[PDB]
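Each chain gets a letter, A, B, C, D and E, in the order it is written, and its residues are counted from 1.
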Amino acid sequence: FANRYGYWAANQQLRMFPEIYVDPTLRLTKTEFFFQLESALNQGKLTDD
Amino acid sequence: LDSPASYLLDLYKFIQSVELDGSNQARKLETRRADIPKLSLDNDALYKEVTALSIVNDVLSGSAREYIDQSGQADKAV
Amino acid sequence: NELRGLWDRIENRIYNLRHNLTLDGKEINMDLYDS
Amino acid sequence: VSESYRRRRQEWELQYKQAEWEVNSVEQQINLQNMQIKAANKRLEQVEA
Amino acid sequence: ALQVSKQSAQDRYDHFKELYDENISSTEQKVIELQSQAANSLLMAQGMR
């Protein structure tokens, strides 16, 4: 209750709708390999190749 | 599902179980400052509940004016 | 909540396309005057 | 560079749409001139009468 | 014409909440992190000695 409106309702709905909580921005432990996908996708404008 | 009431009741049923007793004021004051979980009307009134400062006046004065009645000093004087 | 915002967005955008001539602005009819 | 190319488009996005809306605003000033053209004709015929 | 002129100021105003707020994004954070990560320059040489 430190800050209140909308912040309180999110205490439930951020658990009660998992699709809100699912994103690729996970708590990643796999840092020894998952960085080796991103450093090739690390480009400003790119194509299907 | 969530509402202004599920926010309020998550406070109200939480404060009830703050039980420490004896001579201490806290519940004595809160019950002297009387209001209840079903104060008046119903929860769908909210849009018409929009009101000025005038809402406060009877919460102070409406107990205060009882002093002449309580002390027995006067009654017919409105 | 995202499903309910999404289906109501597409319903509003269909209404706009079904009028067409707004583009949510006013493309076709403007600046006309009389008397 | 990937952020800079993303920032660049916004300066041209604003510049075209403000100019496009002043192309809309000028149309009132040209349409207004019909009233003074009518007034000058409706003025001159009274001296002849 | 006065009702038309309002948009020249109003459209120039009401966009800018997209710039006096959300003034940073996750890509221009990594533009700092990959510079400040050189804090290991206390360690980068030591196997020399």
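Just so we're on the same page, a residue touches a chain if its C-beta (ideal position, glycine included) is under 8 Å from a C-beta of that chain, and two chains touch if they have at least 3 such contacts.
Asker: Everything stays put except that subunit D is ignored; which chain groups still touch one another?
Answerer: So the groups, subunit D excluded, read A, B, C | E.
Asker: What pair of chains has the most C-beta pairs in contact?
Answerer: Highest contact count belongs to chains D-E.
Asker: Averaging over Cα atoms per chain, report the distance between subunit C and subunit E in Å.
Answerer: Whole-Å distance between the two chain centres: 34.
Asker: Centre to centre, by mean C-alpha position, how many angstrom separate subunit B and subunit C?
Answerer: Computed value for the inter-centroid distance: 49 Å.
Asker: Please tell me the distance, in whole Å, between the geometric centres of subunit D and subunit E computed from their C-alpha atoms.
Answerer: A distance of 36 Å separates the two centres.
Asker: Between subunit B and subunit D, what is the gap in Å from one C-alpha centre to the other?
Answerer: Whole-Å distance between the two chain centres: 62.
Asker: Give me the residues of subunit B that touch two or more other chains.
Answerer: Answer for subunit B, listing residues that touch two or more other chains: there are none.
Asker: Would you please write down the residue numbers of subunit C that are in contact with two or more other chains?
Answerer: Not one residue in subunit C touches at least two other chains.
Asker: Run through the chains and report each pair that touches.
Answerer: A-B, A-C, A-D, C-D, D-E
Asker: For subunit C, which residues are in contact with subunit D within the complex?
Answerer: 30-31, 33
Asker: Where on subunit D is subunit C touching in the complex?
Answerer: So the residues of subunit D in touch with subunit C come to 24, 27-28, 31.
Asker: Can you list the residues on subunit D that touch subunit E in the complex?
Answerer: Touching subunit E: residues 2-3, 14, 17-18, 21-22, 24-25, 28-29, 32 of subunit D.
Asker: Taking the complex as given, what residues does subunit D use to touch subunit A?
Answerer: 1-3, 5-6
Asker: Taking the complex as given, what residues does subunit B use to touch subunit A?
Answerer: Residue positions touching the partner: 2, 7, 10-11.
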